[PDB]
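Student: Below you'll find the sequence and an experimental structure to go with it.
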Amino acid sequence: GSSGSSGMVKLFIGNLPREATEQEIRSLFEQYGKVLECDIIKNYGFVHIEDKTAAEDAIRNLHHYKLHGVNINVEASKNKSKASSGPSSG
């Protein structure tokens, strides 16, 4: 992304079934933002979205998304960060 700075945002997905495919997962995210990378290992899957704001949208819904009779779990791997020291004026 341009407006932002951090860039892509990794996503953690656990409780994945056997029918689940790198694609099925990727697409699910492509609905709330284009995907960059997608892997599935150790009953877990990692999804990287374009912008951050897009990640939240996806995660939210995707969360508890009845997939193949299963309730996959979604969590924002890279949590947000707030600057404490200094008023961050500029």
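Tutor: The structure has been received and is ready for your questions. Numbers count the residues shown, from 1 in each chain.

Student: which helix is the longest one in the protein?
Tutor: Longest helix in the chain by number of residues (criterion: DSSP state H): helix 52-62.

Student: who's in contact with it?
Tutor: Residues external to helix 52-62 that are found in contact with it (CB atoms under 8 Å, 6 or more residues apart in numbering): 1, 4, 6, 9, 11, 13, 28-29, 31-33, 47, 49, 72, 74-76, 80. No exception for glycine: its C-beta is placed from N, CA and C like everyone else's.

Student: What residues are bridge-paired with residue 66?
Tutor: Under the criterion DSSP bridges, residue 66 forms beta bridges with residue 71.

Student: and the residue lying closest to residue 12 once chain neighbours are set aside, how far is that from residue 28?
Tutor: Residue nearest to residue 12 in three dimensions, not counting chain neighbours: residue 77, with 4.2 Å by CB to CB, 6 or more residues apart in numbering. Residue 77 sits 16 Å away from residue 28, taking CB to CB, to the nearest Å as the criterion.

Student: Those two: which is more packed in?
Tutor: The residue with more neighbours, out of residue 77 and residue 28, is residue 28; 21 against 15, by other CB atoms under 10 Å.

Student: Cool, thanks, signing off.
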